[PDB]
Amino acid sequence: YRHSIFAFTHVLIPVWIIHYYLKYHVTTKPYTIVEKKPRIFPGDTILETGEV
Amino acid sequence: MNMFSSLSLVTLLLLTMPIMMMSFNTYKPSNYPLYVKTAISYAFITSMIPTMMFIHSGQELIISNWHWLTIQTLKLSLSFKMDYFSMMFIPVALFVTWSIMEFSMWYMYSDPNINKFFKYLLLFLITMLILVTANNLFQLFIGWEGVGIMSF
Amino acid sequence: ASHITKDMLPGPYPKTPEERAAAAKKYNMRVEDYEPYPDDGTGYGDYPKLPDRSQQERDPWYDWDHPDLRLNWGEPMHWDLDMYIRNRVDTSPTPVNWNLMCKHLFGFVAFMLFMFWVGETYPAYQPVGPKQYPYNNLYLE
Amino acid sequence: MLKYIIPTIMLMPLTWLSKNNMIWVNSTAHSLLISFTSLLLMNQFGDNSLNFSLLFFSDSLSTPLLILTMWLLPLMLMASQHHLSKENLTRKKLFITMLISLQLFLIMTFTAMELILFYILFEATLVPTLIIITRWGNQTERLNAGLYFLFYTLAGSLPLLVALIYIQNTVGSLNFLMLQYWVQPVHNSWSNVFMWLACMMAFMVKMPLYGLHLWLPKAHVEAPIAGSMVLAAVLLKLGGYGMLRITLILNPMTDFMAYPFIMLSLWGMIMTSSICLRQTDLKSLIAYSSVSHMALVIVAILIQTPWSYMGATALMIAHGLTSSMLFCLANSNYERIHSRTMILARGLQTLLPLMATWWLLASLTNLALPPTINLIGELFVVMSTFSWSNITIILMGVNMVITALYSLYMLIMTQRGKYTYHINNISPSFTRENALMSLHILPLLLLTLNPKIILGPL
Amino acid sequence: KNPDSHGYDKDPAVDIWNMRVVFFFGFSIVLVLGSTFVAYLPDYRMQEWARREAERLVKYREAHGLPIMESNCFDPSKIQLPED
Amino acid sequence: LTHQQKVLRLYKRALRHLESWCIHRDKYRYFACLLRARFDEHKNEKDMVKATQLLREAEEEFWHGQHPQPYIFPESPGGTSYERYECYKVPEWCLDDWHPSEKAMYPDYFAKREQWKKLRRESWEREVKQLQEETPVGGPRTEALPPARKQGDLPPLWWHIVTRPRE
Amino acid sequence: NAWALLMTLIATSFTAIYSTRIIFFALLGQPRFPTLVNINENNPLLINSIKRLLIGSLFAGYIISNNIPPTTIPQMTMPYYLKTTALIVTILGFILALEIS
Amino acid sequence: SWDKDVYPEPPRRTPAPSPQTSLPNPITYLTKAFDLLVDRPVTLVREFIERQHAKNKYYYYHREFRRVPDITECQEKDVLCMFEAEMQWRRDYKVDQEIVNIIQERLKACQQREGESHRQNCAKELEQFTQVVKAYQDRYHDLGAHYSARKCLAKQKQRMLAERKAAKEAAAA
Amino acid sequence: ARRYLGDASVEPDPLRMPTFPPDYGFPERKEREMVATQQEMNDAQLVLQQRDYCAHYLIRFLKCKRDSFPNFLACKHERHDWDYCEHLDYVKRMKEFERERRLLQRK
Amino acid sequence: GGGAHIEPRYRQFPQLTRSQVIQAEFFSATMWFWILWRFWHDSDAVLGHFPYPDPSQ
Amino acid sequence: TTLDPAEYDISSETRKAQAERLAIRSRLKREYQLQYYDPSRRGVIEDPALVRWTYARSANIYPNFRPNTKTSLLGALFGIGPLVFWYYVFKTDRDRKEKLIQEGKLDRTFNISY
Amino acid sequence: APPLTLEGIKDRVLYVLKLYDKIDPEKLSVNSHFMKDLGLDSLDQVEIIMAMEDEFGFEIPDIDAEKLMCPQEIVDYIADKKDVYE
């Protein structure tokens, strides 16, 4: 049964530590992680207009 | 998106835990393999999550982390690459190796040195896994030869 | 601390029967054709009298070969002749001296000419002359 | 500075002054301590280099290189202990004194402030080394290693003192390197070649070209017990760095004739490593490594254009350890089995299991796996020496092949079944066997974490 | 050298002393206590100082009129330039 | 090798390379007598040159028709997983260097070992000196009298007699 | 190159005789091997392994492929005799597999 | 953070949602889950010290040198006056390395920021970038004397060739 | 490659299209065949050889793809009709070996 | 030793566990059922047919 | 190719007077095992064939050497020869590459390294 | 791990040797001396080890042929090869 903290001592120690090194971080580096653009589709401001 | 990258590295930092904790962690006894074999299982479902995050919005990532030496002009630090070859393959290369060790677990079952077999099968997966993920051309060459020795 | 006359001295004919075997028996009778002869092409200081060379080649073969050990493991007392290339060399194959590989490696070299052509599927060959026209020939519109 | 020479000379009567057998542990204890002083005021700049006295700037220079020199001393008494325990104490008091008497000058040199303290201290060894080779040899061929070790080193280093006294009175004063701020060039003549050739060839005869290395395996094959001074003579050689102080300046503009030192050592680099494959004596087998990827620096130094000094410095202290440590293995495995013939020892790796991973990490750093210092010391060589001319990629690209078959054949020779006749080889590597064999791989790989502390100014 | 003593260096006692005098002096006081020193040791080769000052000064020119990375030969017409 | 038994070394291998050529288990079996027919065709005749043509021409028609990648009987002079297990190899006389507290285990076995040595402690005085009597000068293959005339202890003790097992 | 077309598609043939050979000597002929054969396939630490792959085999090819942003344009107009020309070869591979076996 | 105009970047353009569909989305069972097993052990601790750190505030200053020393003075053989005329020149060659670093990373922000176009956008960095380094190795790079760095002795004697050749020998100018 | 005149902006990887890149075009049918809006063509993320014909059409394909995320199928008729846009284009481009065949023969 | 749980065979052809083969055979369906949708609905080629571009006019 | 290697040859019956080719070896393996089996040894064996293996190989040539046969003056075809060649290859380059660096510019302007 | 004993080897060898219709299965098994059933010089000694390899299957060394006089001798050393009875 438990044996419920072994998976917790396994994963849940790092997941804490690793993100504490990020939330306090991404805005520290002038250019950190490079994530790309949204790739917008004509579902926002646009008409189609075809369909042709 | 904040959890987007951070979960990848989980896959990466995890597999180093099976090594560090081989030297006075108060090691799990024989069935030390099971210590690893489960240490795998959660890595795949860990990698399964970001697969879906990408097949929605795209948005691949890299990381800027840690500055190794900076010579004259070119500044090499290190990074990782989340690219289209990274998102799909990596779950696969772990998914098979999820099933592979069980087989050995039966095949090698009688070998007294089994305990350090799974170590020299473990680094192999680790460093072959950093070849697919690196965008810094030098960094491609750390695991390029890191595997070429593992064959020996 | 072997005292006198450790190794080869100025051969390769200093009373051929005096050497093998005084000590270092390469030949039994001073003629086994193991007599400390093989100073072939001398004046090269290489391999003096040497209870030694040209004894034959291609391997110790490492098989049953079991008086005691006899080849590469177990070290019979003293035969040693020349060595050190013997752990990366073996004996006779089934065929002999057929280079059909330079044939096959050049087998595709026949298809070098198959390189100078193209493979364009559509349309067919349709023997032509001036029908080729990869892009355009005559007027645009 | 005197922070260093004074305690290390203060060492000198820390030894005999002591009692019976306490001597070894007495001096090994202190000799480690000085390493705190070693770093202590050092690893300051950096930029606009440190000079703290008139005739000493200890090392500023970004050629730190001195911290190692102070390591290898209390690695000897752990190394040298084996068969030196079998003769008298008043002689054992000597062998620790002259061994220090070496360590005192290598602190003097590498600082020297100038050219002319370098030389008289550049030749000031060979008094302490020559005495360790001839006595406490093993074979009787040693007596010739005594001569050959001179009559080269001293043979052509006299033309220094003809040249360096020729500069002193020609342009100003050589009293100080840190003033070159007036240097005229060297254009050409049939006189100036000689000047450049006199100010050079003395250094080559130490770090060998493929000619005139005829001494190097003569002295190492047959040489003291532990490699006791054989670890030191792998410091001495690389200490020909001073060519970095000259050829940067002081006839800068003759590269005209460089080519006979390029194509002569550049085709030997592909060469003498290959004459190392069939060797039947193990302490020979390592001695020819030491030529090879040492002699690569001589094509790093002559070429100007840093990214070579980025990579030329890391090499002087690259094999500074790896090439050191191998002479420490082949010693130990020789304690137990008294032949140095490589064949004889086989069927190990069953009987000494822990010493398995010791061979491996050694023979792996000639392979130069990417992360360690070794490659990051070679791949700044290839990047500039490629730009020289594109064709250098071939030969020095071959070097990266034959060296791999080179190393393995030494390990894989010790993986075999052999039980054979040996009743010896019982000792399962008592701690000193594995203690002194460490304090190499621990400090070596470690530096890769912050490897900006091994670099030149460029 | 085994009369079933354990032993490391030489004999009964200070051998036991001789192990703690190498292990402890050798590392944990140097390979660790010392290694700490250079780990966070202060800015090496004045680069730390350089990042910011080679950072600030970029925009200063870029802001008002000035170009970026001149290489104008350090204010000519300070030099008479011998022709022949 | 004595001229009599020289066909055996061929007669051993002859059918050997055969079976790796045939596939069905009967195929080997069906060609047995059929190819066995050729041996005794001349069953009794000269030992010398007359029948040396049974040795002479045996060379060809064998080497011709050789190397269809034979079945190698895996643990043997060659072929896969033959010498495979060396990770034990049983380094007999591992019992020297211990530092007991490693010797607490197998007390009954440490008792037994020192009981074997008494034989090899002194068996020699008549064991070695008999070899000075047994072989007069240049003797060929070197084993002692098979008994050693009363009790061999071992005599070949113990290197051949206690030697290493396989697992 | 108008050779690989000749060359590659011929290799596609042997893809049959690759398989069928090691199938027909192992899975087909009469039992041949020495007696005392202990075979036991009831092996929780094995059967657990295969079962995952073959399940994660069949469904795999379609799941992976079905979800992608399309990165290119395949021709999609494939005339006759260019069509099953691979399958056309394997069809007789199995023929020449068994007939030659 | 940093200085905006030292590290400019284009704005965010957050994508619009498009549910469109009757089917459950699992991310909303994760971003609503993952957030609750993160913030508590994480954000509370950063807030924990950042007030714990209110107890003491150190200082380290912004180091700015004093520039009298000029360039091409002084009388030739001199030491004192030409010791410094490198200290001007040496630091100002350690700067001009890094200004190539900063301008280079800004380039990367032209790619993975976009990466699909890679061509029809950014208008600036590349067409600027190769107008930067071509303002670098000329006169600021002593080559092949870069081994000696040949400070101020060879530093001008490119720039004598950049004077005694250009602008006069150009024929006719 | 219809209008061969210069490019105001020099951006290659033809961010300068002739106007919009065709495969070849026109020559006559269709003189102006008409594609989609370039301002929206590279405003989205659109790979090269996604700038051929049927840009208007395939931009909608992914629209619904992003709609139902936990789904393996959006429109198998559109993806079918994606040929019916493309197949119709490609077959319309199978005609350039028909004209040049009989046009470059005798006359 | 370990246990007797199965004895070997003299070529009496050992028996199966009877849950060995059935539990497997359910995976003989997953190829024969998952082959269902091949021809339904897809043909040898789902393409459209090139109509011989006759209009060279 | 390398080699026959003569797994059959002439024989029978000549040279059956050749015996005691084994008596040579049989003496030793008797004596060697007479050496190798003893209770108290703990040490390696002389094994002279190895002593005469290196010492008749590494040393004991320049003593045996004579500078006479012109197959020992061969080495000029080996030692010096290609070392001239590598000069001929290089010195043409480093020049052909140099001439262009002056008249005409091969490189780009984003090469600062070098 | 497979259990091995000294009985089967007395049986198996007795077995197939009793399978051959060339030998009546009233004849001696453990000791016939095999010279009564050696006929002829060949086609016995190497003939009998042709089948016995088909069950165990290690190599049947050549020089061990002349040990095959005693039917207890063949079974004798097969114990020493495969690590058989105590």
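What counts, and where the lines are drawn
- Residues numbered from 1 in each chain as written, not as in the entry; some residues may be left out.
- Chains lettered and ligands numbered in written order.
- Part of a larger assembly, values for the part shown.
- Heavy atoms only, no water.
- Residues with missing side-chain atoms left out of burial classes, pairs and counts.
- UniProt positions renumbered as here; feature names shortened; annotations may be inferred.
- Helix = DSSP H or I, 4+ residues; strand = E, 2+ residues; numbered from the N terminus.
- Contact = heavy atoms within 4.5 Å.
- Nonpolar A, V, L, I, M, F, W, Y, C, P; charged D, E, K, R; others polar.
- Axes fitted to C-alpha atoms, helices over the stretch in contact; angles between N-to-C directions.
- Left-handed = near helix turned anticlockwise from the far one by under 90°.
- Disulfide = S-S within 2.5 Å.
- Salt bridge = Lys/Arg side-chain N within 4 Å of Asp/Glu carboxyl O.

- Header annotation of the entry names cryo-EM as the structure determination method and lists the resolution as 5.0 Å.

- If you check the PDB entry, chain K appears there as NADH dehydrogenase [ubiquinone] 1 beta subcomplex subunit 4 from Bos taurus.
- Word for word, the UniProt comment on chain K under Sequence similarities is "Belongs to the complex I NDUFB4 subunit family."

- With the PDB entry as reference, chain D is termed NADH-ubiquinone oxidoreductase chain 4, source organism Bos taurus.
- In its Subcellular location section, the UniProt record describing chain D reads: "Mitochondrion inner membrane".
- What the UniProt record of chain D gives under Sequence similarities is the line "Belongs to the complex I subunit 4 family."

1. Structural notes on the overall build of chain D
Then step 1. From N to C terminus, chain D includes 25 helices and zero strands.
Then step 2. For the C-alpha atoms alone, the extent of chain D along its principal axes is close to 70 × 55 × 45 Å.
Then step 3. Counting contacts in chain D only where the partners sit at least 6 residues apart, residues at least 24 apart contribute 81% of the total.

2. A few points about the UniProt feature "transmembrane region" in chain K
Then step 1. On the UniProt side, "transmembrane region" is annotated at positions that read residues 71-90 of chain K here.
Then step 2. Taken end to end, residues 71-90 of chain K is 50% helix and 0% strand, and its two terminal C-alpha atoms sit 30 Å from one another.

3. Some remarks on the interface of chain C and chain K
Then step 1. Across the contact, 29 residues belong to chain C and 26 residues belong to chain K.
Then step 2. Classifying every residue of the side of chain C that touches chain K gives 14 nonpolar, eight polar and seven charged.

4. So, the packing of helix α1 (residues 4-24) of chain G against helix α4 (residues 85-100) of chain G
Residue and element names in this part refer to chain G.
Then step 1. One can describe the packing of α1 onto α4 by two numbers: an axis separation of 8 Å at closest approach and a directional angle of 35 degrees. In the packing of α1 onto α4, the handedness of the crossing is right-handed. When α1 is examined against α4, the residues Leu-9, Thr-12, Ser-13, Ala-16, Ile-17, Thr-20 and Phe-24 are found in contact with a partner set consisting of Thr-85, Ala-86, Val-89, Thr-90, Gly-93, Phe-94, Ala-97 and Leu-98.

5. With respect to the state of the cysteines
All names here are of chain H.
Then step 1. Here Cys-110 is linked by a disulfide to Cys-122, with a sulfur-sulfur distance of 2.0 Å. Between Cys-110 and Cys-122, the disulfide has an S-S torsion of 110 degrees and is therefore right-handed. Pair noted here: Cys-110 is in helix α2 (residues 80-111) and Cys-122 is in the loop between α2 and α3 (125-129), with a separation of twelve residues, a long-range link.

6. Comments concerning the pattern of salt bridges
Then step 1. Its salt-bridge partner being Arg91(D), residue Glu87(D) comes within 2.7 Å of it at the nearest N-O pair.
Then step 2. Note that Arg12(L) is salt-bridged to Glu55(L), the shortest N-O span being 2.7 Å. Placement of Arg12(L) in helix α1 (residues 7-19) and of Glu55(L) in the loop between α2 (45-52) and α3 (71-81) is noted, with a sequence separation of 43 residues between them.
Then step 3. Each member of the salt-bridge network shares a partner with another, and the members are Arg336(D), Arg432(D) and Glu433(D).

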